[PDB]
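Peer 1: My questions will all concern the structure given below.
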Amino acid sequence: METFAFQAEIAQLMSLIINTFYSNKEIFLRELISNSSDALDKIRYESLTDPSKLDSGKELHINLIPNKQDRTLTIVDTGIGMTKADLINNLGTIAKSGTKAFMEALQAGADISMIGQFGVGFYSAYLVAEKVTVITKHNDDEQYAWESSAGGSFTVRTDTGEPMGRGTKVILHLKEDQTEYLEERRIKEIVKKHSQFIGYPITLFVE
Ligand SMILES: O=C(NC1=c2ccccc2=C2C1=CC=CC2c1nc2ccncc2[nH]1)c1cccc2ncccc12
């Protein structure tokens, strides 16, 4: 396990999301589903030039998996996935530029719900999660786990968990007062409100 420091801008955005009073927390789910949809569109498009890119799995889907015992909500997709360089380097560049644009937009009067327009919608996970774990597998690299509970650092390690084929799992270790996002009726309500037209099957698992 390697430990990395967040740069100042993204660290400030994580604190803003964790500390600001903002009741409309449900938008995190739309943001993560949108990220999954974009990752699925990317692998699908690449497969039109190179069909062997789906040798790691033909199915293009999104699964929502609540676990009351573990207090986790997992968003699983079979999209393009992320390489180690994406996790450490490329996405750090996006986090910095997207945060700067978002903070500029907020100071003007924009809302936290607009975070996805700045490419950093993933960070809306911190509206509901104390810790976020990303398990990912890209065709050009091995399976990795990125993780952060904020506090200025994140970790990356090769993941020895169940092999994924290709894609990403965003595991939300929910805050104690955010367990409504484990309830079937609540998740169904949010998906119907914000994600009804996503171009991939979204399966809401139950317990
Ligand atoms: O939105 C996506 N992911 C991510 C973010 C989106 C924007 C910025 C940083 C993102 C990161 C995401 C996942 C894991 C780490 C990460 C990150 N690395 C960093 C290094 C240094 N500083 C800050 C950092 N933030 C995403 C990307 C590609 C395929 C996907 N598939 C499904 C769901 C999400 C994705």
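Identifiers in the structure tokens: chain A, B, ... in order shown; residue index from 1 per chain; ligand index from 1 in order shown.
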Considering only C-alpha atoms and all ligand atoms, tabulate each residue of chain A that lies at most 6 Å from ligand 1 along with its nearest interatomic pair and the corresponding distance in Å to one decimal; arrange the rows by chain and ascending residue number and present them as CSV.
Peer 2:
```
residue,atom,partner,partner_atom_place_in_ligand_line,distance
A:6,CA,ligand 1,22 (N),5.1
A:35,CA,ligand 1,33 (C),4.6
A:36,CA,ligand 1,32 (C),4.0
A:39,CA,ligand 1,31 (N),4.6
A:79,CA,ligand 1,31 (N),5.7
A:80,CA,ligand 1,29 (C),5.9
A:81,CA,ligand 1,29 (C),4.8
A:82,CA,ligand 1,28 (C),5.3
A:87,CA,ligand 1,18 (N),4.4
A:88,CA,ligand 1,20 (C),4.3
A:89,CA,ligand 1,20 (C),5.7
A:91,CA,ligand 1,9 (C),4.3
A:92,CA,ligand 1,21 (C),3.4
A:94,CA,ligand 1,8 (C),5.1
A:95,CA,ligand 1,8 (C),4.1
A:119,CA,ligand 1,7 (C),5.6
A:120,CA,ligand 1,7 (C),4.3
A:122,CA,ligand 1,6 (C),5.2
A:134,CA,ligand 1,14 (C),5.9
A:146,CA,ligand 1,14 (C),5.9
A:168,CA,ligand 1,32 (C),5.1
```
Peer 1: From a DSSP pass on the backbone, collect the residues of stretch 4-204 of chain A flagged as strand (DSSP E or B) and hand them back as a VMD selection string.
Peer 2: chain A and resid 4 to 5 62 to 67 72 to 77 129 to 137 144 to 148 153 to 158 167 to 174 202 to 204
Peer 1: Set the distance at 12 Å and use only C-alpha atoms: which residues neighbour stretch 67-74 of chain A once local chain neighbours fewer than 3 positions away are removed? I'd like the list as a ChimeraX atom specification.
Peer 2: /A:28-29,32-33,36,62-64,77,125,128-135,168-184,187,203-207
Peer 1: Just write the chosen residues, N, CA and C atoms, as a compact mmCIF listing (two decimals), in the first residue's frame.
Peer 2:
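As written to disk, out_0.txt reads:
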```txt
# COMPACT_ATOMS: atom_id res chain seq x y z
N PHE A 28 -25.43 12.65 -4.89
CA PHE A 28 -24.24 11.85 -5.11
C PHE A 28 -24.52 10.67 -6.03
N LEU A 29 -25.72 10.07 -5.93
CA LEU A 29 -25.97 8.85 -6.69
C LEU A 29 -26.02 9.13 -8.19
N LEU A 32 -22.42 9.51 -9.49
CA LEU A 32 -21.67 8.26 -9.65
C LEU A 32 -22.22 7.44 -10.82
N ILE A 33 -23.55 7.42 -10.98
CA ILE A 33 -24.18 6.70 -12.10
C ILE A 33 -23.74 7.36 -13.41
N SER A 36 -20.28 6.25 -14.22
CA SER A 36 -20.31 4.88 -14.72
C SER A 36 -20.78 4.85 -16.17
N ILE A 62 -24.63 -1.40 -14.99
CA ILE A 62 -24.43 -0.70 -13.72
C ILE A 62 -25.23 -1.43 -12.65
N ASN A 63 -24.57 -1.83 -11.55
CA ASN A 63 -25.27 -2.48 -10.45
C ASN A 63 -25.15 -1.61 -9.21
N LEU A 64 -26.23 -1.51 -8.42
CA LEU A 64 -26.24 -0.75 -7.17
C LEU A 64 -26.44 -1.78 -6.07
N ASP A 77 -19.70 -0.87 -12.19
CA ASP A 77 -19.91 -0.80 -13.63
C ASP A 77 -18.86 -1.63 -14.35
N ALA A 125 -19.42 11.91 -3.48
CA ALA A 125 -19.52 10.72 -2.62
C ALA A 125 -19.31 11.10 -1.16
N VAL A 128 -22.06 11.70 1.60
CA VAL A 128 -22.66 10.59 2.34
C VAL A 128 -21.70 9.58 2.92
N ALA A 129 -20.45 9.56 2.44
CA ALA A 129 -19.48 8.55 2.84
C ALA A 129 -18.37 9.13 3.67
N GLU A 130 -17.98 8.39 4.73
CA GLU A 130 -16.81 8.74 5.54
C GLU A 130 -15.53 8.23 4.88
N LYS A 131 -15.65 7.19 4.05
CA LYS A 131 -14.54 6.59 3.34
C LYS A 131 -15.06 6.11 2.01
N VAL A 132 -14.25 6.26 0.97
CA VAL A 132 -14.60 5.80 -0.36
C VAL A 132 -13.47 4.90 -0.82
N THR A 133 -13.82 3.73 -1.32
CA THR A 133 -12.88 2.75 -1.86
C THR A 133 -13.23 2.54 -3.32
N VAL A 134 -12.25 2.68 -4.22
CA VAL A 134 -12.48 2.47 -5.64
C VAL A 134 -11.67 1.25 -6.05
N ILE A 135 -12.35 0.20 -6.51
CA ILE A 135 -11.70 -1.00 -7.04
C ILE A 135 -11.85 -0.91 -8.53
N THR A 168 -15.23 -0.70 -12.74
CA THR A 168 -15.00 0.02 -11.50
C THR A 168 -16.09 -0.28 -10.50
N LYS A 169 -15.67 -0.36 -9.23
CA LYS A 169 -16.57 -0.46 -8.09
C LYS A 169 -16.26 0.73 -7.19
N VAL A 170 -17.27 1.56 -6.90
CA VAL A 170 -17.13 2.67 -5.96
C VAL A 170 -17.86 2.21 -4.70
N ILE A 171 -17.10 1.94 -3.63
CA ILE A 171 -17.66 1.46 -2.36
C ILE A 171 -17.77 2.65 -1.43
N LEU A 172 -19.00 2.98 -1.05
CA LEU A 172 -19.29 4.09 -0.16
C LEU A 172 -19.48 3.55 1.25
N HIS A 173 -18.54 3.86 2.17
CA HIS A 173 -18.64 3.46 3.56
C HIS A 173 -19.43 4.60 4.19
N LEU A 174 -20.74 4.42 4.31
CA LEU A 174 -21.63 5.50 4.70
C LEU A 174 -21.45 6.06 6.08
N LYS A 175 -21.68 7.36 6.22
CA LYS A 175 -21.70 8.01 7.54
C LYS A 175 -22.89 7.42 8.30
N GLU A 176 -22.79 7.42 9.63
CA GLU A 176 -23.81 6.79 10.45
C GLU A 176 -25.22 7.31 10.28
N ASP A 177 -25.36 8.60 9.95
CA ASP A 177 -26.65 9.25 9.77
C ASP A 177 -27.12 9.22 8.32
N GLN A 178 -26.41 8.47 7.45
CA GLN A 178 -26.79 8.42 6.04
C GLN A 178 -27.22 7.03 5.58
N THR A 179 -27.77 6.21 6.51
CA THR A 179 -28.17 4.85 6.18
C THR A 179 -29.43 4.77 5.33
N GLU A 180 -30.15 5.90 5.11
CA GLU A 180 -31.32 5.85 4.22
C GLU A 180 -30.91 5.36 2.81
N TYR A 181 -29.63 5.57 2.42
CA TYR A 181 -29.16 5.18 1.10
C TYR A 181 -28.91 3.70 0.95
N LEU A 182 -29.27 2.91 1.99
CA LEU A 182 -29.21 1.45 1.95
C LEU A 182 -30.61 0.88 1.77
N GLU A 183 -31.63 1.73 1.84
CA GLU A 183 -33.01 1.27 1.76
C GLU A 183 -33.43 1.18 0.31
N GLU A 184 -34.09 0.08 -0.05
CA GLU A 184 -34.54 -0.15 -1.40
C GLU A 184 -35.43 0.98 -1.93
N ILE A 187 -33.31 4.19 -2.66
CA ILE A 187 -32.49 4.11 -3.86
C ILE A 187 -33.36 4.13 -5.13
N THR A 203 -29.24 -2.21 -12.30
CA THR A 203 -29.90 -3.20 -11.44
C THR A 203 -29.72 -2.81 -10.00
N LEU A 204 -30.83 -2.58 -9.31
CA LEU A 204 -30.81 -2.26 -7.90
C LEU A 204 -30.90 -3.59 -7.17
N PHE A 205 -29.79 -4.04 -6.61
CA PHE A 205 -29.80 -5.29 -5.84
C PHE A 205 -30.52 -5.04 -4.53
N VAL A 206 -31.06 -6.13 -3.97
CA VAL A 206 -31.70 -6.07 -2.67
C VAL A 206 -31.07 -7.09 -1.74
N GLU A 207 -31.46 -7.03 -0.46
CA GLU A 207 -30.97 -7.94 0.56
C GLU A 207 -32.09 -8.81 1.09
```
Peer 1: Which of these, A:197, A:14, A:40, A:49, has the shortest distance to residue A:76 once you count only C-alpha atoms?
Peer 2: A:40
Peer 1: When you count only C-alpha atoms, which of these residues is closest to residue A:2: A:43, A:121, A:84, A:104?
Peer 2: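 Of the candidates, the smallest distance to residue A:2 is held by A:84.
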Peer 1: Could you please write out, as a PDB file with C-alpha atoms, in the first residue's frame, every residue of chain A that DSSP assigns to helix (DSSP H, G or I)?
Peer 2:
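Dumped everything to states02.pdb:
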```pdb
ATOM      1  CA  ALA A   8      -4.281  21.824  -1.868  1.00  0.00           C
ATOM      2  CA  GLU A   9      -7.243  22.547  -4.183  1.00  0.00           C
ATOM      3  CA  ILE A  10      -8.782  19.075  -4.078  1.00  0.00           C
ATOM      4  CA  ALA A  11      -8.076  18.809  -0.339  1.00  0.00           C
ATOM      5  CA  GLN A  12     -10.000  22.106   0.151  1.00  0.00           C
ATOM      6  CA  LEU A  13     -12.897  20.811  -1.995  1.00  0.00           C
ATOM      7  CA  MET A  14     -13.073  17.583   0.077  1.00  0.00           C
ATOM      8  CA  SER A  15     -13.268  19.701   3.250  1.00  0.00           C
ATOM      9  CA  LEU A  16     -15.962  21.903   1.675  1.00  0.00           C
ATOM     10  CA  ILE A  17     -18.080  18.855   0.784  1.00  0.00           C
ATOM     11  CA  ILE A  18     -17.600  17.257   4.205  1.00  0.00           C
ATOM     12  CA  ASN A  19     -18.128  20.493   6.275  1.00  0.00           C
ATOM     13  CA  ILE A  27     -27.354  13.940  -5.831  1.00  0.00           C
ATOM     14  CA  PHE A  28     -24.236  11.850  -5.106  1.00  0.00           C
ATOM     15  CA  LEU A  29     -25.973   8.849  -6.688  1.00  0.00           C
ATOM     16  CA  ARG A  30     -26.741  10.647  -9.967  1.00  0.00           C
ATOM     17  CA  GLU A  31     -23.095  11.761 -10.124  1.00  0.00           C
ATOM     18  CA  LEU A  32     -21.666   8.264  -9.654  1.00  0.00           C
ATOM     19  CA  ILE A  33     -24.181   6.699 -12.100  1.00  0.00           C
ATOM     20  CA  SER A  34     -23.245   9.414 -14.637  1.00  0.00           C
ATOM     21  CA  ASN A  35     -19.514   8.575 -14.167  1.00  0.00           C
ATOM     22  CA  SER A  36     -20.308   4.880 -14.723  1.00  0.00           C
ATOM     23  CA  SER A  37     -22.375   5.700 -17.837  1.00  0.00           C
ATOM     24  CA  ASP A  38     -19.511   7.796 -19.228  1.00  0.00           C
ATOM     25  CA  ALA A  39     -16.998   4.957 -18.554  1.00  0.00           C
ATOM     26  CA  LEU A  40     -19.362   2.478 -20.307  1.00  0.00           C
ATOM     27  CA  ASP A  41     -19.711   4.816 -23.298  1.00  0.00           C
ATOM     28  CA  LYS A  42     -15.876   5.005 -23.482  1.00  0.00           C
ATOM     29  CA  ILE A  43     -15.233   1.251 -23.595  1.00  0.00           C
ATOM     30  CA  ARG A  44     -18.165   0.756 -25.973  1.00  0.00           C
ATOM     31  CA  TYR A  45     -16.824   3.391 -28.350  1.00  0.00           C
ATOM     32  CA  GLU A  46     -13.267   1.984 -28.243  1.00  0.00           C
ATOM     33  CA  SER A  47     -14.743  -1.516 -28.964  1.00  0.00           C
ATOM     34  CA  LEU A  48     -16.167  -0.243 -32.308  1.00  0.00           C
ATOM     35  CA  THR A  49     -12.543   0.117 -33.564  1.00  0.00           C
ATOM     36  CA  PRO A  51     -13.704  -5.500 -30.651  1.00  0.00           C
ATOM     37  CA  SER A  52     -11.029  -7.384 -28.599  1.00  0.00           C
ATOM     38  CA  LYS A  53     -11.411  -4.584 -25.999  1.00  0.00           C
ATOM     39  CA  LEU A  54     -14.518  -6.504 -24.808  1.00  0.00           C
ATOM     40  CA  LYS A  84      -2.610   3.079 -11.939  1.00  0.00           C
ATOM     41  CA  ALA A  85      -1.457   6.192 -13.874  1.00  0.00           C
ATOM     42  CA  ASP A  86      -5.090   7.351 -14.112  1.00  0.00           C
ATOM     43  CA  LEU A  87      -5.546   6.865 -10.346  1.00  0.00           C
ATOM     44  CA  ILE A  88      -2.394   8.673  -9.248  1.00  0.00           C
ATOM     45  CA  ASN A  89      -1.527  11.113 -12.024  1.00  0.00           C
ATOM     46  CA  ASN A  90      -4.149  11.760 -14.699  1.00  0.00           C
ATOM     47  CA  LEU A  91      -7.105  12.084 -12.329  1.00  0.00           C
ATOM     48  CA  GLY A  92      -5.035  14.306 -10.026  1.00  0.00           C
ATOM     49  CA  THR A  93      -4.679  16.758 -12.941  1.00  0.00           C
ATOM     50  CA  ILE A  94      -8.464  16.636 -13.525  1.00  0.00           C
ATOM     51  CA  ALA A  95      -9.188  16.981  -9.797  1.00  0.00           C
ATOM     52  CA  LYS A  96      -7.104  20.178  -9.651  1.00  0.00           C
ATOM     53  CA  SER A  97      -8.559  21.883 -12.719  1.00  0.00           C
ATOM     54  CA  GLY A  98     -12.133  20.791 -12.008  1.00  0.00           C
ATOM     55  CA  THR A  99     -11.905  21.929  -8.381  1.00  0.00           C
ATOM     56  CA  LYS A 100     -10.547  25.370  -9.377  1.00  0.00           C
ATOM     57  CA  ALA A 101     -13.400  25.845 -11.907  1.00  0.00           C
ATOM     58  CA  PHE A 102     -16.031  24.591  -9.416  1.00  0.00           C
ATOM     59  CA  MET A 103     -14.773  26.853  -6.558  1.00  0.00           C
ATOM     60  CA  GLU A 104     -14.819  29.861  -8.953  1.00  0.00           C
ATOM     61  CA  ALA A 105     -18.429  28.905  -9.953  1.00  0.00           C
ATOM     62  CA  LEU A 106     -19.509  28.481  -6.232  1.00  0.00           C
ATOM     63  CA  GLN A 107     -18.085  31.889  -5.118  1.00  0.00           C
ATOM     64  CA  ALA A 108     -20.205  33.438  -7.929  1.00  0.00           C
ATOM     65  CA  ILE A 112     -23.016  22.013  -4.817  1.00  0.00           C
ATOM     66  CA  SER A 113     -25.530  20.056  -6.997  1.00  0.00           C
ATOM     67  CA  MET A 114     -23.697  21.428 -10.101  1.00  0.00           C
ATOM     68  CA  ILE A 115     -20.424  19.631  -9.203  1.00  0.00           C
ATOM     69  CA  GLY A 116     -20.714  17.199 -12.163  1.00  0.00           C
ATOM     70  CA  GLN A 117     -20.417  20.053 -14.676  1.00  0.00           C
ATOM     71  CA  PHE A 118     -16.828  20.459 -13.420  1.00  0.00           C
ATOM     72  CA  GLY A 121     -18.803  14.769  -9.407  1.00  0.00           C
ATOM     73  CA  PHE A 122     -17.069  11.680  -7.987  1.00  0.00           C
ATOM     74  CA  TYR A 123     -16.253  13.811  -4.891  1.00  0.00           C
ATOM     75  CA  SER A 124     -19.982  14.251  -4.124  1.00  0.00           C
ATOM     76  CA  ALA A 125     -19.522  10.715  -2.617  1.00  0.00           C
ATOM     77  CA  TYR A 126     -18.170  12.567   0.477  1.00  0.00           C
ATOM     78  CA  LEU A 127     -21.674  14.068   1.065  1.00  0.00           C
ATOM     79  CA  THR A 179     -28.167   4.848   6.183  1.00  0.00           C
ATOM     80  CA  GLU A 180     -31.324   5.851   4.223  1.00  0.00           C
ATOM     81  CA  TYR A 181     -29.160   5.181   1.099  1.00  0.00           C
ATOM     82  CA  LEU A 182     -29.213   1.448   1.946  1.00  0.00           C
ATOM     83  CA  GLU A 184     -34.541  -0.147  -1.401  1.00  0.00           C
ATOM     84  CA  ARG A 185     -37.381   2.416  -1.581  1.00  0.00           C
ATOM     85  CA  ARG A 186     -34.907   5.297  -1.213  1.00  0.00           C
ATOM     86  CA  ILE A 187     -32.495   4.112  -3.864  1.00  0.00           C
ATOM     87  CA  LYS A 188     -35.371   3.354  -6.312  1.00  0.00           C
ATOM     88  CA  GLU A 189     -36.768   6.873  -5.691  1.00  0.00           C
ATOM     89  CA  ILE A 190     -33.385   8.544  -6.422  1.00  0.00           C
ATOM     90  CA  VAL A 191     -32.660   6.512  -9.580  1.00  0.00           C
ATOM     91  CA  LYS A 192     -36.183   7.290 -10.940  1.00  0.00           C
ATOM     92  CA  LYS A 193     -35.732  11.040 -10.169  1.00  0.00           C
ATOM     93  CA  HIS A 194     -32.238  11.580 -11.613  1.00  0.00           C
TER      94      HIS A 194
END
```
Peer 1: When you draw a straight line from atom CA of residue A:110 to atom CA of residue A:150, how long is it in Å?
Peer 2: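 Distance between the two atoms: 23.5 Å.
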Peer 1: Using only C-alpha atoms, which of the listed residues (A:196, A:155, A:160, A:136) sits closest to residue A:75?
Peer 2: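 Using only C-alpha atoms, the shortest distance to residue A:75 belongs to A:136.
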Peer 1: Applying 6 Å and only C-alpha atoms, which residues near residue A:154 remain after dropping the ones on its own chain fewer than 5 positions away? List them as a list in words.
Peer 2: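 Residues meeting the cut-off are residues 3, 4, 147 and 148 of chain A.
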Peer 1: Using atom CA of residue A:83 and atom CA of residue A:138 as the two end points, give the distance in Å to one decimal.
Peer 2: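 Between atom CA of residue A:83 and atom CA of residue A:138 the gap is 5.6 Å.
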Peer 1: Could you jot down the atom CA of residue A:201 to atom CA of residue A:58 separation for me, Å, one decimal place?
Peer 2: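 Answer for the atom CA of residue A:201 to atom CA of residue A:58 separation: 13.4 Å.
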